[PDB]
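Here the structure is laid out as structure tokens; the discussion comes afterwards.
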Amino acid sequence: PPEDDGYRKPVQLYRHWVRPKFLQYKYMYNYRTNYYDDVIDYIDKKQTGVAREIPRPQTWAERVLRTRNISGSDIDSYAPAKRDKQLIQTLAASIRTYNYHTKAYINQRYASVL
């Protein structure tokens, strides 16, 4: 249908007025920063003396995983809690190991006949 179209039509909707700016959206900024993050990281830690291999180019999915690694990890990090809670009862059992002990074996007699 849009073959004999030429241009993309003049201005419309003059009287009502629409189109507030909507100037910024977050993930677009994330993508823009993503396209340069690896190279800027490489260079600015290069002046610090720490070494890294060449910034191999990354694909879009690779870029998104990179972004999640640099952003999702920062916003989502709750590793320590359940581990120590689970270790709590193991330690409690470790104290509880007394259980009156005693009896046992390889412990009998006093004879010196060898």
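By order in the structure tokens, chains are A, B, ...; within a chain, residues start at 1; ligands start at 1, following the order shown.
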
May I have the residues within 12 Å of segment 66-68 of chain A as a compact mmCIF listing (two decimals) with N, CA and C atoms, in the first residue's frame, using only C-alpha atoms and disregarding those fewer than 6 positions away in the same chain?
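Wrote out37.txt, looks like this:
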```txt
# COMPACT_ATOMS: atom_id res chain seq x y z
N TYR A 27 16.07 2.01 30.33
CA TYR A 27 16.81 0.93 29.68
C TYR A 27 17.53 1.41 28.43
N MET A 28 17.03 2.46 27.78
CA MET A 28 17.77 3.04 26.67
C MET A 28 19.11 3.60 27.14
N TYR A 29 19.10 4.30 28.27
CA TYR A 29 20.35 4.77 28.86
C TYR A 29 21.25 3.61 29.23
N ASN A 30 20.65 2.53 29.74
CA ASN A 30 21.44 1.35 30.07
C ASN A 30 22.14 0.80 28.83
N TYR A 31 21.41 0.71 27.71
CA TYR A 31 22.01 0.21 26.48
C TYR A 31 23.13 1.13 25.99
N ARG A 32 22.89 2.44 26.00
CA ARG A 32 23.91 3.39 25.58
C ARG A 32 25.18 3.24 26.41
N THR A 33 25.04 3.17 27.73
CA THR A 33 26.21 2.96 28.57
C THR A 33 26.84 1.59 28.33
N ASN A 34 26.02 0.60 27.97
CA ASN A 34 26.53 -0.74 27.73
C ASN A 34 27.45 -0.76 26.51
N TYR A 35 27.11 0.00 25.47
CA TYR A 35 27.89 -0.08 24.25
C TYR A 35 29.34 0.36 24.45
N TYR A 36 29.62 1.14 25.50
CA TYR A 36 30.96 1.64 25.75
C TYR A 36 31.56 1.18 27.08
N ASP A 37 30.80 0.46 27.90
CA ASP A 37 31.25 0.17 29.26
C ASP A 37 32.53 -0.67 29.29
N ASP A 38 32.61 -1.70 28.44
CA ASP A 38 33.78 -2.57 28.48
C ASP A 38 35.05 -1.82 28.09
N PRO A 57 34.78 -7.78 21.23
CA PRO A 57 33.40 -7.31 21.04
C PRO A 57 32.40 -8.37 21.47
N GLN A 58 31.25 -7.90 21.95
CA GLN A 58 30.22 -8.76 22.51
C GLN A 58 28.94 -8.60 21.71
N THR A 59 28.17 -9.68 21.61
CA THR A 59 26.90 -9.63 20.91
C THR A 59 25.82 -9.04 21.81
N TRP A 60 24.65 -8.79 21.21
CA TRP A 60 23.58 -8.13 21.94
C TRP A 60 23.20 -8.90 23.20
N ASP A 74 24.36 -5.72 41.38
CA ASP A 74 24.41 -4.62 42.34
C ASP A 74 23.06 -4.42 43.02
N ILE A 75 21.97 -4.51 42.26
CA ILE A 75 20.65 -4.30 42.83
C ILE A 75 20.12 -5.53 43.55
N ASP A 76 20.61 -6.72 43.20
CA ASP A 76 20.15 -7.98 43.80
C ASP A 76 21.36 -8.72 44.36
```

Looking only at helix (DSSP H, G or I) from DSSP on the backbone, list the matching residues of chain A as a ChimeraX atom specification. /A:26-46,60-75,82-96

Take atom CA of residue 42 of chain A and atom CA of residue 61 of chain A and report the distance between them in Å, one decimal.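 Atom-to-atom, atom CA of residue 42 of chain A to atom CA of residue 61 of chain A, that is 20.2 Å.
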
Which distance in Å separates atom CA of residue 21 of chain A and atom CA of residue 70 of chain A, to one decimal? 29.3 Å

Just the number, please: distance in Å from atom CA of residue 80 of chain A to atom CA of residue 65 of chain A, one decimal.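 Calculated distance between atom CA of residue 80 of chain A and atom CA of residue 65 of chain A is 23.5 Å.
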